[PDB]
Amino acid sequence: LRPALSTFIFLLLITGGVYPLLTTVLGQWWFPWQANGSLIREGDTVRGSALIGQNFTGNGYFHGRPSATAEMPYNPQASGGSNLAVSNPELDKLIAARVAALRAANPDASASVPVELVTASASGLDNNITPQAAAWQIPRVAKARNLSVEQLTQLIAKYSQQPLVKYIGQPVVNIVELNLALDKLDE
């Protein structure tokens, strides 16, 4: 029984002590910003990070997908999704509710709503939308902030990252970084 308990205790100290401490030390050394959440701060207040995802409801800001978390939308303390099926009748009402509400808020845009803005996300903290869905809400943002349609598209494409290969994912716009850049541009 001596090699049994010794092998267990040794691996428990390596995998539970040496392995996390080594990754943490090397993590904070090479990539300190990413290891601490890649937070975005202005002064001493934490506005967020490039990966959080925020519940934007204002008329001047760009909007993200529905959150469907536990208590409040985009709650990092929940990190859940809408486990509703296609055969579920409550999903159809939620889709129609979002389609009607988005068309009302975006009257000077196409009636076809991008499926991202009507379907919830899996994590509930999604901070990403395809560049076309960010351009679908350009007229609403342009009218609310008096910015031109030209410089608004140029601002979205600036804060848009494409995957290394086209079939590994989809092109993605950083919503939090786009909205924060919109505030400094407005001033």
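Start at 1 with the first residue shown and count on from there.
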- Item | Higher-scoring stretch by recorded Cα B factor average, 40-48 or 114-122 | 40-48
- According to the PDB entry, is the CA B factor of residue 63 in the bottom, middle or top third of its chain, that is, lowest, middle or highest? middle
- Query: Considering only modelled residues of the same chain, in which third does the CA B-factor of residue 73 rank: lowest, middle or highest?
  - Reply: middle
- Task: For residue 147, return the chain-relative third of its C-alpha B-factor as stated in the PDB record: lowest, middle or highest.
- Result: highest
- Query: If you rank the chain by CA B-factor, which third does residue 170 end up in: lowest, middle or highest?
  - Reply: lowest
- Item | Chain thirds of CA B-factor: placement of residue 157 | highest
